[PDB]
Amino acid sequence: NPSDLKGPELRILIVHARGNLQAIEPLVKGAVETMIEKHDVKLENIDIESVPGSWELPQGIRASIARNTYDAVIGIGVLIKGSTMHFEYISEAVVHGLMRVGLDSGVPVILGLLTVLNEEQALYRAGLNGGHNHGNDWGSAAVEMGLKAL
């Protein structure tokens, strides 16, 4: 178990979907602020890209890490169960896709996908309403894996 991980030279990629921006924004912010403030990652070394939806996360990431070199990637998206089976099938495919991209590439990919039953749960996990911002955890994870990959 580590303690004070600093990655001043780590290059971090954050790709986030744009559905449910109320939850996405705090998550990205929390990941960024945690990496900068707690791990000395440099703001200019954090590329933040977006894709329309969670479905595009794996491909978005795959495309970006083929272009630039990153020490770790955080894919962030929020899927909320709806009236059809859409949520179940794409949640599964996206999580599998994210794992696959990480394993195929050798680049640590941190899962920042919330797969919740309703918006309240998503907001709660983004740090609102007394909840804990999971983005912070993902930021620290990215830093740790990025460092271990070096």
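The numbering used is simple: start at 1 and walk along the sequence shown.
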Out of 85-93 and 45-53, which stretch has the higher average CA B-factor listed in the record? 45-53
Look up the CA B-factors in the entry and say which stretch, 110-118 or 24-32, has the higher mean. 24-32
Would you mind checking where the Cα B-factor of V15 ranks among the modelled residues of its chain, as the lowest, middle or highest third? lowest
Could you place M99 in the lowest, middle or highest third of its chain by Cα temperature factor, using the values in the record? lowest
